[PDB]
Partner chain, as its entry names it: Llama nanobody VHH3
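The data below hold one chain only, encoded as structure tokens and taken in the form deposited without its partner chain.
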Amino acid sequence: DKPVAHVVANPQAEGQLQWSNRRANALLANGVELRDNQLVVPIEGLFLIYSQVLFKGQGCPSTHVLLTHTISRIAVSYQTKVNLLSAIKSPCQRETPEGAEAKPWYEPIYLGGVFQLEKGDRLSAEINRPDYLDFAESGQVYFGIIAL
């Protein structure tokens, strides 16, 4: 009877993090809505909120890239946006003047925490570079919430 959601990246969405519950082993029950790529809370309460993203690259080309993942809360019904959880990662410290190269790298980021939410609040799980995501398979990219 608890509101719950476990949504995954839609692998047909090219260059975007599009969440989807249309998968076996994914959930969107008891009031939680997926609207505008956001999770809308059905009741006020304490919620465990979490998400994982997986980035992938092929070597460290010429310069440098920071990868971010954040879960924001947008309170009320069109109020402000505020970050609840956030992480940053840098895949390449270096890779310069020729030689050999071109080795793929993978980098997972996990975020998870317990928060007091009000009915109607909207949650967003967002990354800066959707073009570096890897949802080539599995339980590699996901976002969920469960009322506690």
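Residue numbers count along the first chain shown, from 1.
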When mean C-alpha B-factors in the record are compared for 28-36 and 61-69, the larger belongs to 61-69
When mean C-alpha B-factors in the record are compared for 84-92 and 108-116, the larger belongs to 84-92
Of the residues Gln18, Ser124, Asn128, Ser138, the one whose Cα carries the largest B-factor in the deposited record is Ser138
Reading the B-factor column for Cα atoms of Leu48, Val41, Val53, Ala102, the highest value belongs to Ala102
